[PDB]
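Shown next, in structure tokens, is the structure this report addresses.
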Amino acid sequence: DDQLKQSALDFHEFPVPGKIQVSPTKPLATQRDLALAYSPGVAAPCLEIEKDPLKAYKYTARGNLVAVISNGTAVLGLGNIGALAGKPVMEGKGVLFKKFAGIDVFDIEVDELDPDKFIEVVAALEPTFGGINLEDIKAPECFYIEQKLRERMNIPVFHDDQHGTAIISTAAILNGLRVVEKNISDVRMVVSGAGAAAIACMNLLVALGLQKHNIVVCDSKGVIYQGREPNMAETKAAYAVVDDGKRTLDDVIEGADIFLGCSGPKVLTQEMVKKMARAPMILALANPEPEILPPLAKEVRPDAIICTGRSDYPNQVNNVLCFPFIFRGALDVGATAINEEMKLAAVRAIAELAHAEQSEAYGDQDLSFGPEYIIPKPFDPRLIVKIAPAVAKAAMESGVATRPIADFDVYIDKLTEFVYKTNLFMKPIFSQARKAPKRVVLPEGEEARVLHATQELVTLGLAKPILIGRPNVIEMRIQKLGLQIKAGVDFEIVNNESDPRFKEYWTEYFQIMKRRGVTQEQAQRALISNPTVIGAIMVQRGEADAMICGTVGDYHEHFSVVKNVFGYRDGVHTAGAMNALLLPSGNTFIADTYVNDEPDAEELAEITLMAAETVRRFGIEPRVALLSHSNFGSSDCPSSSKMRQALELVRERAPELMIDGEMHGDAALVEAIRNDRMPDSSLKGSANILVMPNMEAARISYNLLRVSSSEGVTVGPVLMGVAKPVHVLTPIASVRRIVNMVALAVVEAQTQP
Amino acid sequence: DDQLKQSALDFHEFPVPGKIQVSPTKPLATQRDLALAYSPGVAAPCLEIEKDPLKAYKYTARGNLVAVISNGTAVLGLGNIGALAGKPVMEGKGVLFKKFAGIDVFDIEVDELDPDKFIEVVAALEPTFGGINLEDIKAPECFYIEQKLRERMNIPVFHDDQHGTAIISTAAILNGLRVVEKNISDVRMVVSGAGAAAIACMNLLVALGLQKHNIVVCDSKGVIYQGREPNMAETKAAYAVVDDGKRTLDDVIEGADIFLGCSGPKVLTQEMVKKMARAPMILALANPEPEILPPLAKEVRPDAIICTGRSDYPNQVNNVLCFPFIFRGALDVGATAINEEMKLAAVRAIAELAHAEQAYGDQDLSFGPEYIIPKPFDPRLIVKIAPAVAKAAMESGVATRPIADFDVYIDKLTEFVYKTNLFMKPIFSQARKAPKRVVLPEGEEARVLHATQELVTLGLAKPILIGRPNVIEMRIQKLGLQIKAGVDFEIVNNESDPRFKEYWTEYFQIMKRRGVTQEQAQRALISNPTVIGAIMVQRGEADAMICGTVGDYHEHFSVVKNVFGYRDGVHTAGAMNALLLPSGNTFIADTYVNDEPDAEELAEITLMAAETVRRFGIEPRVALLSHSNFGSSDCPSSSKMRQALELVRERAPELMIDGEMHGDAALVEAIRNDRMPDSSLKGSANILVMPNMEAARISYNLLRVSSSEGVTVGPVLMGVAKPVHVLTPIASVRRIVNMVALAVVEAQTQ
Ligand SMILES: [Mg+2]
């Protein structure tokens with residue numbers, strides 16, 4: 001793409017150059033605080049590391065630090081573009097390391113092409129880092145460098161491209177073998193191209209039972225023929241195929257149970273897939289193009305199982321699926337290196353994650369074990385809970401574990417807390433929108449941000465945009481922005497001034513509002529000036545299915561329009577406004593940020609129920625907490641008494657819901673603070689839904705936190721309780737916020753109308 | 001020591017090992033956000049660097065990233081201890097880089113001892129960082145390493161221990177020569193100890209006007225004269241003098257205007273100080289012990305100007321004075337290295353900071369014999385030095401990124417200092433200068449006990465604890481605290497005290513018509529500790545009180561308001577909490593006093609909060625928060641805010657404030673400029689007045705968990721006559737110590 005290619009160039013620059021930053025972890029406010037971080041206090045920690053260098057984890061960041069190193073020789077698929085140009089990728093490793101594994105990571109770019117000299121620099125940096133992740137080092141240098149460094153360095157050395165992708169591919173093979181019911185020793189494996197991971201796949205596969213003679217390796221020149229070259233690379237000589245008269249891939253593909261290979265753009269054809277054995281396993285792992293298109297192989301062989309590196313095709317083999325979770329277990333036991341036994345233990349846990357049953361969505365996915373699901377989702381949360389204990393338990397058995405863990409259950413619980421914090425509810429919602437697009441009206445069609453959103457909604461294919469406004473101003477603005485969206489084709493424009501059904505529309509609005517103080521002469525004025533009214537009428541008739549408005553205008557202008565045309569949903573008598581923020585405590589929400597200035601007891605209860613119902617659908621656990629200036633009966637304020645009555649009310653309508661209150665804000669986010677004021681609290685962990693006692697409390701909180709918590713744009717002001725799928729936005733809402741909200745409306749529009 | 005050397009070991013251990021962490025700067029909440037960061041969107045910023053390596057600073061962390069590298073051969077005063085053992089010093093280095101100048105730093109510990117492999121490893125790491133910092137490398141290996149690395153690498157390389165110390169020292173001599181009225185060409189300088197900083201300082205001084213024939217150097221063997229040894233070090237040979245028949249320091253110290261010592265302690269004697277020239281400048285920079293102690297030199301010569309490395313003596317020479325700020329100027333213009341023209345303008349920037357003129361800073365910044373080097377924590381350091389570095393680098397021709405306007409540049413620099421101003425440091429220093437008697441009613445509470453130890457050790461206050469003496473002493477032992485009763489602190493037994501009869505009678509006369517009986521007053525003087533300390537402060541037995549660590553806020557506040565009363569001129573009270581937010585130090589009020597303050601009460605709160613922030617040293621930027629944004633909603637809460645704004649402007653026009661506004665408009669200037677271009681408020685406001693307590697309390701709660709890295713000032717009580725503050729049950733020991741320090745400062749001026 002070019003639309004998404006440019007939004008990343010902007011992302012890597014705004015607001016600050018660079019993605020990662022070194023921040024303090026200990027205070028430094030006072031003058032004594034400086035005398036303990038430096039002179040003369042810092043003398044003591046250094047003198048305890050010369051006494052005992054094993055005590056380095058206690059006083060330094062070495063106990064959770066890994067260096068991603070690269071010379072830029074083969075960055076992803078770009079090639080040798082330079083070590084300096086490869087820095088944004090190495091920073092990406094660290095930011096993914098921190099987001100998922102919580103492992104502080106330094107990006108290191110070494111300007112050395114000589115394999116020996118490069119090895120010296122890395123061995124020199126051993127005391128600095130607790131672990132070394134070798135990244136984007138072209139072949140065959142990587143085989144030599146990684147081998148020498150693991151022996152040389154008493155800290156773990158790992159190659160994510162060579163060994164990491166092998167752990168995923170090996171796990172897929174073992175799982176796929178269980179589905180086709182073929183024993184590993186019997187299957188014959190054929191590998192295309194001199195894949196760096198291919199050598200490690202076989203090694204791991206051999207350690208599990210795969211016969212070497214069954215393995216047939218095919219370099220890009222041809223099949224490996226023993227003796228065709230007197231001088232041969234050690235990786236090619238180790239897996240040597242005796243010359244059997246087979247020169248091409250089409251010669252060895254017949255009678256082959258498994259196909260694999262990093263190298264090769266589109267080496268597999270539809271005719272070669274027919275020639276393969278029963279229920280073939282196809283592992284296509286070339287970044288630009290799969291070895292065979294997965295539908296092309298399914299058409300000739302329905303029993304086949306295909307694995308690609310690309311995310312659109314199922315069974316994604318992502319490097320991000322393992323390499324952070326391996327280092328996490330290794331760093332927690334202080335392993336001297338990552339032995340093959342640990343890597344294998346990771347392969348087991350990854351396959352075990354597919355077998356284990358799913359738990360607890362608006363997005364529609366099935367995780368049942370089958371030909372579509374032989375490897376877990378690329379961003380599955382349970383990865384850390386399973387991979388890290390297995391790596392550490394194997395490391396303690398192997399004897400490289402310097403530091404033991406007394407109880408694995410305590411360690412798992414720490415890992416369990418980290419899982420709760422991170423969730424990606426947005427991605428399944430988007431995919432659900434592609435399955436059944438619905439028409440959505442945007443009343444502010446002439447606004448610049450709406451136009452940018454209209455394109456990205458048309459590009460991803462989420463909904464049918466129906467803009468409102470003077471077409472003349474829209475057409476001009478499109479050409480000034482550089483967009484390729486076509487009126488009457490990509491999106492339907494409705495002019496507020498010229499409309500055939502105009503008389504039909506004002507008669508419906510008048511029949512609704514004749515008694516709410518709207519004359520006929522006013523209603524006709526209304527369907528030309530306020531586009532919110534126009535779209536609102538369209539949804540009730542069926543001309544559209546949802547509406548996203550409020551990108552320019554006071555919230556209550558648009559909300560009063562909605563409230564009158566569609567009315568409350570069934571079984572509701574008050575509406576709610578829920579905003580979201582990405583907090584250290586995880587994804588968190590605020591209740592009634594715009595609707596009711598002073599919500600009463602029963603009104604506050606209905607808001608809570610709708611927010612819980614709406615969060616359940618997102619794929620997030622509803623852990624609700626009512627907030628007040630009172631702490632569990634500190635004050636008898638009428639606003640604090642109202643919160644208490646609401647807790648009792650919700651308990652009778654949805655007793656299964658987890659909620660407690662009232663409490664201070666800190667008590668709802670830190671489980672420790674809550675355990676000292678209330679041990680019996682039904683609330684467990686960080687709460688994600690915060691119901692406010694009044695709007696001022698809400699709007700002051702959402703604002704002050706949006707700036708100082710994080711810039712995670714997820715869902716803006718989510719309106720709840722209205723019978724028709726509608727959401728009203730803030731005027732300062734960014735373009736990314738507009739897109740996300742339109743998708744949310746489509747999934748709500750797929751629901752029973 | 002054994003307590004300042006044990007508490008240092010606990011400082012690094014908990015709550016998390018280490019002193020730094022890698023933190024994301026970019027959003028990572030949605031799957032698209034992740035895609036833009038790594039595969040595949042990461043390929044776009046990389047392909048732009050394949051076209052031009054200059055686009056790096058624009059798309060990567062370089063230009064704000066510097067590496068502090070060491071081998072472990074000269075770690076402070078410890079010496080060669082290993083590269084691993086020197087890691088905590090390298091973390092503390094870069095953490096000063098960030099806290100003082102905002103320059104992220106990877107510490108790098110190289111496992112090397114041959115200077116050949118060392119230069120290779122570092123030069124290999126050139127593409128990563130925008131600059132290289134060398135620290136704790138033994139001599140003479142450091143000279144050779146730095147020289148080779150500086151020419152080889154086109155990014156700056158700087159030895160902190162030698163060049164940084166030389167820049168400060170050179171500035172000191174220039175200012176001292178103005179004091180003693182001596183031209184630089186005419187003065188004669190003698191140097192003992194061939195330390196790396198001395199050689200560079202002389203080289204720097206020679207470029208500024210100092211004469212080599214006037215300079216005489218003495219190494220351990222003797223006075224460096226030409227032809228003493230056929231094979232001589234190239235650094236030593238540059239300042240060897242014509243043979244004057246003098247081999248001893250005593251022979252050459254005669255008639256000497258400047259003495260600079262990098263050698264061992266006690267090389268200079270009182271007899272040598274007597275025979276120096278008029279008003280000698282003695283730069284006794286030695287650690288851990290100075291060559292000559294300043295008082296012994298002051299006795300023989302009172303007019304002399306002396307500087308050492310230690311902090312307790314005046315005119316302390318500290319590396320933290322320049323080394324963060326030289327790099328900040330070089331990186332903002334992307335200098336290829338650090339040259340002599342910059343190093344001179346740096347000396348010029350530091351010396352010119354002592355002449356210009358200037359309130360919690362008790363230390364008087366008057367240019368004289370005791371002040372020729374600015375203070376270590378001085379705010380204007382980065383504002384002055386970095387522009388001179390960038391300007392002198394642009395004129396020497398090594399900068400790759402021209403700054404068009406130095407005015408906008410200085411503004412960005414000034415905003416960083418005001419945002420990160422450490423108000424706590426000057427407070428603690430003031431508390432050390434004069435301890436005052438402070439009462440802590442919850443004496444049995446462990447956190448209070450822990451806080452008392454830190455107070456005594458630092459010498460902030462003389463504590464008076466109330467409680468059962470049995471339990472306090474028993475808990476002290478269980479905690480392991482070394483404080484002893486009757487000596488470090490006083491205890492007043494609640495159950496039995498000789499002044500009991502006087503206290504309940506004094507309390508009763510204050511509260512007889514407020515619902516307290518004689519019999520009720522007596523029960524209260526044994527059961528409620530907070531009542532006791534209040535009577536003491538009013539009687540004069542104690543100068544201030546810090547309570548509320550246990551109990552609901554309004555119990556302690558009720559007692560306080562009755563006894564102490566409101567200050568003259570104020571009829572309402574307020575509660576302020578402090579947060580170290582990303583936008584800056586931010587205060588919120590009121591959070592515990594008034595549930596629904598009226599307009600006039602809201603205005604007085606604002607005025608008092610302005611006074612308190614001004615006392616801290618931070619400039620007051622005030623914003624009135626409401627759900628309505630500049631009248632978007634007309635309601636009692638919003639109308640109240642607008643009225644208060646007019647009231648505050650009448651009582652004090654100088655105060656910068658605008659309202660009402662949304663929260664985002666107070667923090668993000670961009671949002672406020674769009675909604676109101678004419679807003680008198682500028683930048684990011686630091687004082688947030690609230691419409692009602694319920695919103696303030698729910699804000700501070702959800703914020704103190706969203707900006708966890710700062711623990712500074714707890715609930716500040718504003719308006720009460722006597723120096724009193726009430727805390728929270730969740731108040732950390734950090735918080736109780738800090739608040740007692742605030743209490744002491746307040747009680748000094750009653
Ligand atoms: Mg790589």
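For the structure tokens, the naming scheme is as follows: chains receive sequential letters (A, B, ...) according to their order of presentation, residues are indexed from 1 within each chain, and ligands are indexed from 1 in presentation order.
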
> What are the residues of chain B that have an atom within 6 Å of an atom of chain A, counting only C-alpha atoms, as a count of residues only?
Replying inline: 58

>> I'd like the neighbourhood of stretch 736-740 of chain A as a VMD selection string, where a residue qualifies if any of its atoms comes within 10 Å (using only C-alpha atoms), though same-chain residues fewer than 6 positions away should be ignored.
In response: chain A and resid 426 to 427 429 to 430 442 449 to 450 452 to 457 462 548 to 551 713 to 717 729 to 730

>> Neighbouring residues of ligand 1 are defined here as those with any atom at most 8 Å from a ligand atom, counting only C-alpha atoms and all ligand atoms; list them as a PyMOL selection string.
In response: chain A and resi 70+74-76+134-137+159-161

>> So that I can see what lies close to stretch 295-308 of chain A, please list as a VMD selection string the residues with an atom at most 8 Å from it, counting only C-alpha atoms and leaving out residues fewer than 2 positions away in the same chain.
In response: chain A and resid 176 270 to 271 273 to 274 278 to 286 290 292 to 293 310 to 311 313 to 317 371 to 372

>> When you look at residue B:729 with a cut-off of 9 Å (counting only C-alpha atoms), what residues show up, excluding the ones that are within fewer than 6 positions of it in the same chain? I need them as a ChimeraX atom specification.
In response: /B:548-553

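In this model, the gap between atom CA of residue B:80 and atom CA of residue B:100 comes to 28.2 Å.
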
> If you run DSSP on this backbone, which residues of stretch 406-558 of chain A come out as alpha helix (DSSP H), and could you give them as a count of residues only?
Replying inline: 85

> What does the distance from atom CA of residue B:446 to atom CA of residue B:429 come to in Å, to one decimal?
Replying inline: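 According to the coordinates, atom CA of residue B:446 and atom CA of residue B:429 are separated by 25.7 Å.
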
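Computed from the coordinates, the atom CA of residue A:560 to atom CA of residue A:750 distance equals 24.8 Å.
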
>> Env of residue B:711: 9 Å cut, atoms = only C-alpha atoms, seq-sep filter 6 positions within chain, self excluded. Answer as a ChimeraX atom specification.
In response: /A:27,29 /B:578-580,704,732,734-735

Would you save the residues from that selection as an mmCIF file, in the first residue's frame, using C-alpha atoms?
```
data_model
loop_
_atom_site.group_PDB
_atom_site.id
_atom_site.type_symbol
_atom_site.label_atom_id
_atom_site.label_comp_id
_atom_site.auth_asym_id
_atom_site.auth_seq_id
_atom_site.Cartn_x
_atom_site.Cartn_y
_atom_site.Cartn_z
ATOM 1 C CA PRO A 27 13.541 8.670 42.292
ATOM 2 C CA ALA A 29 14.164 14.511 43.658
ATOM 3 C CA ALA B 578 1.632 17.266 43.819
ATOM 4 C CA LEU B 579 2.124 15.032 40.781
ATOM 5 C CA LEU B 580 5.137 14.548 38.522
ATOM 6 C CA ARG B 704 -1.084 9.063 41.022
ATOM 7 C CA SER B 732 4.435 6.405 51.747
ATOM 8 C CA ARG B 734 8.913 8.852 51.178
ATOM 9 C CA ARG B 735 5.897 11.142 51.485
#
```

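Taking only C-alpha atoms, the non-local environment of stretch 602-609 of chain A within 7 Å (same-chain residues fewer than 4 positions away omitted) comprises residues 574, 575, 576, 591, 613, 646, 649, 650 and 691 of chain A.
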
> Out of stretch 508-734 of chain B, which residues get strand (DSSP E or B) from DSSP, as a ChimeraX atom specification?
Replying inline: /B:544-547,566,574-581,584-589,621-625,656-661,687-689,716-718,720,724-726

>> Need to verify the contact set: residue B:161, 9 Å, only C-alpha atoms, exclusion of same-chain residues closer than 4 positions in sequence. Can you return it as number ranges by chain?
In response: B: 76, 134-137, 165-166, 196-197, 319

Counting only C-alpha atoms, which residues of stretch 269-377 of chain B fall within 12 Å of stretch 174-180 of chain B, and what is the closest atom pair for each with its distance in Å at one decimal, ordered by chain and rising number, as a Markdown table?
```
| residue | atom | partner | partner_atom | distance |
| --- | --- | --- | --- | --- |
| B:277 | CA | B:180 | CA | 11.0 |
| B:278 | CA | B:180 | CA | 8.2 |
| B:279 | CA | B:180 | CA | 6.6 |
| B:280 | CA | B:180 | CA | 8.6 |
| B:281 | CA | B:176 | CA | 7.1 |
| B:282 | CA | B:176 | CA | 10.3 |
| B:283 | CA | B:176 | CA | 10.9 |
| B:303 | CA | B:180 | CA | 9.3 |
| B:304 | CA | B:180 | CA | 9.3 |
| B:305 | CA | B:176 | CA | 7.3 |
| B:306 | CA | B:176 | CA | 9.8 |
| B:307 | CA | B:176 | CA | 10.9 |
| B:315 | CA | B:176 | CA | 11.3 |
| B:344 | CA | B:174 | CA | 11.5 |
| B:347 | CA | B:174 | CA | 8.9 |
| B:348 | CA | B:174 | CA | 8.9 |
| B:349 | CA | B:174 | CA | 11.6 |
| B:350 | CA | B:175 | CA | 9.7 |
| B:351 | CA | B:175 | CA | 6.2 |
| B:352 | CA | B:175 | CA | 8.4 |
| B:353 | CA | B:175 | CA | 10.1 |
| B:354 | CA | B:175 | CA | 8.0 |
| B:355 | CA | B:175 | CA | 8.6 |
| B:367 | CA | B:179 | CA | 8.9 |
| B:368 | CA | B:179 | CA | 7.1 |
| B:369 | CA | B:179 | CA | 7.4 |
| B:370 | CA | B:176 | CA | 10.1 |
| B:371 | CA | B:175 | CA | 9.3 |
| B:372 | CA | B:175 | CA | 5.9 |
| B:373 | CA | B:175 | CA | 8.2 |
| B:374 | CA | B:175 | CA | 11.1 |
```
